Amino acid sequence: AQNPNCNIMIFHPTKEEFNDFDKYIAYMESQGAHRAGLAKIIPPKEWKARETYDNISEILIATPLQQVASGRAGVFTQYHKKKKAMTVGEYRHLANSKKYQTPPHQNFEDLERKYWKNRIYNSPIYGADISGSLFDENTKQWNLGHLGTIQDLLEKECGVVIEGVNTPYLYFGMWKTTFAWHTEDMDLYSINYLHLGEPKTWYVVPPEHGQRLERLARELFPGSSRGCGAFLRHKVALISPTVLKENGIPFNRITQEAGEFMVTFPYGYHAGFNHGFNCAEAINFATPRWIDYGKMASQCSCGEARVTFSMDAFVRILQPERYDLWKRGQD
Ligand SMILES: O=C(O)CNC(=O)C(=O)O
Ligand SMILES: [Mg+2]
Ligand code: NI
Ligand SMILES: [Zn+2]
């Protein structure tokens with residue numbers, strides 16, 4: 001079996017290998033990349049996402065989110081308080097202000113220490129989940145706005161034609177902005193490209209061990225767990241690496257820098273934080289290997305997680321028994 005210790009693998013495709021996205025994902029899995037839950041893909045040196053980022057300041061972040069924490073330093077939840085709209089230019093200036101800028105630090109490890117020590121005491125503002133793309137339309141390779149759609153994948157594998165569309169999202173981050181422990185909707189893959197700015201640190205639990213993380217989470221967030229049998233779908237819980245180690249949860253960590261892609265694999269729980277002002281783009285995608293995970297994916301029916309239009313059809317077709325109760329949650 002390849003990659004039996006479930007390490008995060010890093011790939012350096014040639015320009016030729018960068019042509020066929022599906023085939024390269026399947027190559028990475030042939031080498032065991034998926035066992036980690038997360039892989040890093042460094043593009044060939046000939047590739048670019050677009051010519052420059054000099055003209056992005058006028059993108060609007062309609063609903064910036066202030067991420068307010070509650071709990072203890074290593075075990076906390078965050079809620080998102082909606083703020084007034086601002087442009088990317090305004091946001092970048094806010095991220096660089098004394099109140100929000102990255103502190104002096106030695107290296108990524110020192111900054112990681114400072115994050116876990118101090119995150120809870122601040123409420124950074126995240127421009128998350130903004131529909132759009134920063135890939136040039138002329139970028140033909142690994143263009144996250146030109147991938148094969150999940151609806152088309154389901155049709156190709158299972159023969160059923162369904163409604164729905166699949167588009168990318170932009171994420172504008174600042175120091176301490178945080179993504180909570182989650183898998184993707186319907187345990188899809190995701191791909192994330194760090195277009196610009198400061199890094200993003202990732203933590204991940206191998207898919208084969210995801211239920212270990214879930215069990216810990218139910219212990220650490222006991223009222224959340226009573227309220228909903230899939231509360232990590234709410235995307236509000238954080239657990240530090242120290243806490244994971246104390247509880248014997250298998251995980252790995254890696255820092256993504258600008259210019260790099262990360263791929264999360266089905267049922268690969270992940271969480272992380274941004275080091276400073278940055279912009280990432282991400283999208284969900286599927287492969288044939290996903291179908292079995294989509295059929296088994298947990299679902300939030302308490303009503304909190306409230307997800308896209310396009311998830312309806314996935315639930316309807318892959319999880320018809322759940323469908324009724326799940327949609328009661330959506331309505
Ligand atoms: O970058 C972020 O804030 C979160 N991204 C993801 O969870 C992802 O790409 O799957
Ligand atoms: Mg602009
Ligand atoms: Ni994700
Ligand atoms: Zn729920």
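Cβ atoms come from the backbone with ideal geometry, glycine included; neighbour counts cover every protein chain shown. Each value in this text was obtained by applying a stated rule to the coordinates, not by laboratory testing.
Numbers for the structure displayed
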quantity	calculated
Flag for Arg289 being part of a helix (DSSP H, G or I) and surrounded by fewer than 19 Cβ atoms within 10 Å (Cβ to Cβ)	yes
Residue match in the range 194-206 (condition: within 26 Å of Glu16 (Cα to Cα) and within 16 Å of ligand 2 (Cβ to nearest atom))	yes
Sole residue being in contact with a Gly (Cβ under 8 Å, 6 or more places away or on another chain) and among the hydroxyl-bearing types (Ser, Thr, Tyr), chosen from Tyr24, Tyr121, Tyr126	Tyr126
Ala26 surrounded by 14 or more Cβ atoms within 10 Å (Cβ to Cβ) and in contact (Cβ under 8 Å) with a residue 40 or more places away in the chain	no
Strands (runs of 3 or more DSSP E) within the range 151-206 that include 2 or more residues β-branched (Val, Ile, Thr), over 14 Å from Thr287 (Cα atoms) and in contact with a helix residue (DSSP H, G or I) (Cβ under 8 Å, 6 or more places away or on another chain)	200-205
Flag if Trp116 is surrounded by 15 or more Cβ atoms within 10 Å (Cβ to Cβ) and not in a helix (DSSP H, G or I)	no
Scope the range 79-94; condition within 16 Å of ligand 1 (Cβ to nearest atom) and either loosely packed, with under 14 Cβ neighbours inside 10 Å or more than 12 Å from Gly127 (Cα to Cα) (or both); matching residues	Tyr79
Residue that is nearest to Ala305 (Cα to Cα) [pool: residues in the range 95-122 that are among the aliphatic types (A, V, I, L, M) and more than 16 Å from ligand 1 (Cβ to nearest atom)]	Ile120
Residue in the range 237-257 that is in a loop (DSSP other than H, G, I, E, B), more than 20 Å from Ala180 (Cβ to Cβ) and out of contact with any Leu (no Cβ under 8 Å at 6 or more places or on another chain) present	yes
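So that you can scan it fast, the table gives a plain yes or no per residue for (1) within 26 Å of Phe251 (Cα to Cα); (2) in contact (Cβ under 8 Å) with a residue 60 or more places away in the chain:
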{"site": "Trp116", "(1), (2)": "yes, yes"}
{"site": "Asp136", "(1), (2)": "no, yes"}
{"site": "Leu144", "(1), (2)": "no, yes"}
{"site": "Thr149", "(1), (2)": "no, no"}
{"site": "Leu154", "(1), (2)": "no, yes"}
{"site": "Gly164", "(1), (2)": "no, yes"}
{"site": "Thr167", "(1), (2)": "no, yes"}
{"site": "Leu170", "(1), (2)": "no, yes"}
{"site": "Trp181", "(1), (2)": "yes, yes"}
